[PDB]
Amino acid sequence: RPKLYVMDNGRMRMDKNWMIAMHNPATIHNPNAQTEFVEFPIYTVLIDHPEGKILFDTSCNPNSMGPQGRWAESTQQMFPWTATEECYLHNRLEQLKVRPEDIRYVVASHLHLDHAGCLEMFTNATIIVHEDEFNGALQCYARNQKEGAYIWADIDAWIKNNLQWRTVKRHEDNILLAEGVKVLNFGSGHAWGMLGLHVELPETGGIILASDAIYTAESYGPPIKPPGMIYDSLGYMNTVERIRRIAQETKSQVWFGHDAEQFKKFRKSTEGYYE
Amino acid sequence: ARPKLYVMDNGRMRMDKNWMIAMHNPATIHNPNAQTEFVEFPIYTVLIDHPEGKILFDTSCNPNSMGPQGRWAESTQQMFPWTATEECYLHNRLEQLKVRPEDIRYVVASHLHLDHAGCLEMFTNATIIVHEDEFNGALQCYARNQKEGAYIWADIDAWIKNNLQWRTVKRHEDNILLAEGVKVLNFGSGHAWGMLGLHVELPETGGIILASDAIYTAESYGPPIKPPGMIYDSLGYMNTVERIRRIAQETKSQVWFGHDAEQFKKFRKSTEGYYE
Ligand SMILES: [Co+2]
Ligand SMILES: [Co+2]
Ligand SMILES: [Fe+3]
Ligand SMILES: [Fe+3]
């Protein structure tokens, strides 16, 4: 039945303390400990499903970087994004002969700059997002916050393009989107409200798309190593452990948000698909 | 009641500023290998000489914490070194006030971190007041034979061997009137598993809130609030800081932070006097 494509949406760099909290602490014999600017991949997933095409995440906006870019300069220097034209999401979809108007459902894991970048392309889709994440992002917009992980100009475009929203409620059960495709309601942790995805493929079997609920394999452990970028510490831990249980009980792979080694291994959209 | 409140200097500690102020100086494209700093801060305790009986808030570090024969693990000693002359040790500070450990009726343990619960074992004639969630969490560290981290196995060992008398504050228990104008504040989860504070109403000085590690420094307090890297419950921490800010406003109280160097310098310490 379905076909699942991994699309390469370029690379981002940032302080590795964001990724792994207190990774290299200062000591009496190393009092001025230095950090490192680590590279990690930005990616999206397309599930070409009989019942309709499902897109997980949307990467960054093409108009994000540069002196005429949407991102504030402080954001550009703290979380720089590098991508060729081939990396842009509209192009990756074009090379698969898929038009934006063909996307039935977009699942926004959360509304950070590197996942919600291109929501505005999908004017014929239902956009699925946690309600707490939505509220949080809209407050950023209304309070006219121009820095941080929530891009004012992105949100501005969502409203102008008249996107059709479907909020997952705080205490809402998981949503069966299609045969073998479930939206997981992870709630608060990394951000205000996280969504994941469990995909059951005939040949490949079970896949959990965790997004920023688990950055990397180092995050996952055990033991768990939580990030510096975090809203609800307790929630974050509960979520990781919950994914570990689901993985075991359903014999599923766990696909992390930004794991460089794992990403290299993936079969990309320019080479083929999973089935 | 006409009490006297004393601030006692129990030495200094140093650690990565990222523990104290999370992501205080993040790396950027043009400064990729940004360095941190190793900041110094005070360790102190408060004595309330009250007519109904003497109350002690926190107990600093154990005299035999540091060194090759030290209770603290080497890794701990290197990340959180404590420097203190003999006169800084709690038992000496009390002596210089003609106070013996057996004179202490109540010990309020803000939490059970290495720099607050170090000297509980001295007070075998007191009721030790502690948050039940903090007490439980420390005991698990003990039972699991965890020898590294902020909860000192040898300290806990001694509390047990010395048969301390405990009184746990329950998770949803209200504030506890310990004496005229002395209330134990139940802050719950945040920096650690279970935080306690103290509100003190002095005739002359007025209101005082002892926050301990619920609020590290003035930099923590803001506004805006700047949370620590050393954090268990992030939401609870934020909730607690705003709660303290409210109480402070409504009761016209000063807020004494856990480890503010500037504020500590301005305090009248036990070698100079007290607060009435
Ligand atoms: Co994110
Ligand atoms: Co502490
Ligand atoms: Fe991300
Ligand atoms: Fe402390």
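Each chain gets a letter, A, B and so on, in the order its sequence line appears, and its residues count up from 1. Numbering of ligands and ligand atoms starts at 1, following listing order. Heavy-atom basis, side chains included; hydrogens, waters and symmetry copies ignored.
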So that I can check it, does any N, O or S atom in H113(B) come closer than 2.8 Å to the Fe ion (ligand 4)? no
Please examine the side chains of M13(B) and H259(B), heavy atoms only from C-beta on, and report whether any two atoms are closer than 4.5 Å. no
Salt bridge check: are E261(A) and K265(A) linked by an N-O gap of less than 4.0 Å? no
Just one of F134(A), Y150(A), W152(A) clears the ring-ring contact (aromatic ring centres under 6.0 Å, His included) bar with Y141(A), so which one? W152(A)
Do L198(B) and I48(B) touch side chain to side chain, with heavy atoms closer than 4.5 Å? yes
Within 45° of the axis and under 6.0 Å from the centre of the six-membered ring of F263(A), does NZ or CZ of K268(A) qualify? yes
Contact check, side chains of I21(B) and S220(B), non-hydrogen atoms, under 4.5 Å: yes
Here the N/O/S atom of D115(B) closest to the Fe ion (ligand 4) would be OD2
Sort by chain and number the protein N/O/S atoms that are closer than 2.8 Å to the Co ion (ligand 1), and list them. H110(A) NE2, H112(A) ND1, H190(A) NE2, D212(A) OD2
Checking one value in my table: which N/O/S atom of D213(B) lies closest to the Fe ion (ligand 4)? OD2
Given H130(A), which partner from the list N185(A), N135(A), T167(A) fulfils the side-chain hydrogen bond (donor to acceptor under 3.5 Å, both in side chains) test? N185(A)
Heavy-atom distance under 4.5 Å between the side chains of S233(A) and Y237(B), does that happen here? no
Any N/O/S of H115(A) under 2.8 Å from the Fe ion (ligand 3)? yes
